[PDB]
Structures are given as C-alpha cells and as structure tokens.
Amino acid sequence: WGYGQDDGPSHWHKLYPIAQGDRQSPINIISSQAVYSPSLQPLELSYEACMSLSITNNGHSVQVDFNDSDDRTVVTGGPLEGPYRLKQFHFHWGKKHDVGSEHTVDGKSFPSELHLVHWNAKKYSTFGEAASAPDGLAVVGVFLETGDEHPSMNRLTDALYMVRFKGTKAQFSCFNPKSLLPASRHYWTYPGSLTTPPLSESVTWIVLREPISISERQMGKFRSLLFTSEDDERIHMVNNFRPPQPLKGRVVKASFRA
C-alpha cells in the first residue's frame, strides 16, 4: 500500500476490509456537533527532553522513535483511563496549503498534521500487541498551519536532508516532543483507528484544537523528502494522508465550548 494513484487510500479496502469499518479514522470534525464533556479530566502530556532515539524515512512518512521502556514520556487524562507511553511521532502533509491534514475541521484541511502515537503498555506486552486492541492506542493529533518559523522545528527540519531517501535513518537525540505542542490543551476526542494499514480500530483519538505554525520554508523541507529509494526515479513524499471517513454515529466530544 501507499499514497500513489495505484495504491492510495481509495484502494486500501481492497486489501484491508476493515477500511470500511464502524470506527475508522480520520474524520471531519463538525465543531457544532461536538459534545461538550466537562466530565473529562485534564489532558496532560508529560514528556522528557531526551527520550528520542532516531529519525527515519520509512517510505510513508518521516518518523521519530522513542525509548518506551517506562513512563517518562506519556499522555494521560482527557478520555484516557490511564497513562499511554509515547512510541513515536510522524507527520502527514500535502503539496499545497489547502491540503495535507488527515482530520479536517468543519471541512477545513491544514497543510500538515502531526501524530504522537502512544500505547497502553500497562495492559499490553508490545506496541504491536496494543495496536490490535480497542483500548490499545492513544494518538494525539496536532494541526500545523504555515506562517511564522517554528524555532524548535528547525532541529527536525534540518535533519530531513539526511533521510530524504526511503529506508534511511539517523540518530536524533534529545528532541522533546513537547516543543511541537500548542499552548492550549483543549481537544476533541472520539474512538477511531490507525489511519494506515492494517487500519485496526484500536485508537482513542485526541485532536488538539489549536494548531502550531511553521514557516513555508520549514514545510518545504518535508515536501523535499522522497517516497522513493536512492536508486530510483524520484517521487516526492507528498499527500501522504488518508481522507475523512464515515462517522457512523460515533460521538465526538470536546473539552471546550465552541
């Protein structure tokens, strides 16, 4: 599978039937339909500054992996009943400002979306094991808009050149994912799924209301990445996102009042 004309999202159902399930992600968030839920506890992202291991171009996105041996980088609160350990973060982006995010809000897309993937290491032995259970994952999504340069983001965008080709990785020590979070912790939450095959419906989604912004120059470093390997016809990594999927009666909760 991929994001091309022949193996893109519109065809994934041909290989993974769960693509047509009842709790698929992403979704179009209709702010007015979101249910304000004051019962939800405060969302807390407790991240350490040196838990990052490497940065990798895996052919589908650029991903930063973390040491998840313990609870030094976890997400807790909000709709979560316990702590989920951060395994990795990656991005989805487009070829222009009007497209790139997976989730959309009132029909609006952002040029990119950051996904911080956490797993329930309290009740599952492996990240892979958790990826298959309904309460296995918790992914925090952050929208990226283009505008002013993002200082901390430079550490990451400067590192992209060395992983521009599919299958290449580099050491990426002491990068604090907290540096990519907005000043607000308000969010929307709903039960969903992985947005890439196997598309298992094991994710509790937490989409932050406030986007962070990076410069167009910074965004351009992402579009410079390649879907292809070094010895192949260069195909730039762009539009690596899955479009919104049917809500199917699911309830979208919000931690704030629109």
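Heads up: residue numbers just count along the shown sequence, starting at 1. Between two forms, the rigid core is the largest collection of C-alphas that superpose within 1.5 Å.
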| query | finding |
| --- | --- |
| Divergent stretch in 7 other deposited structures of this protein, 109-117 or 94-102 [C-alpha RMS, superposed by the core] | 94-102 |
| Per the entry, higher mean C-alpha B factor between 210-218 and 188-196 | 210-218 |
| Higher-scoring stretch by recorded Cα B factor average, 143-151 or 92-100 | 92-100 |
| Options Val203, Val64, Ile27, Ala34 - largest CA temperature factor per the record | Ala34 |
| Residue of maximum C-alpha B factor among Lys87, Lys178, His115, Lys123, per deposited coordinates | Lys123 |
| Ranked against its chain, the third holding the CA B-factor of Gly136 | lowest |
| Chain-relative CA temperature factor third for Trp119 | lowest |
| Lowest, middle or highest third - CA B-factor, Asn57 | middle |
| Entry-reported Cα temperature factor of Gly21, expressed as the chain third it lands in | middle |
| Chain-wide C-alpha B factor ranking for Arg234, given as lowest, middle or highest third | highest |
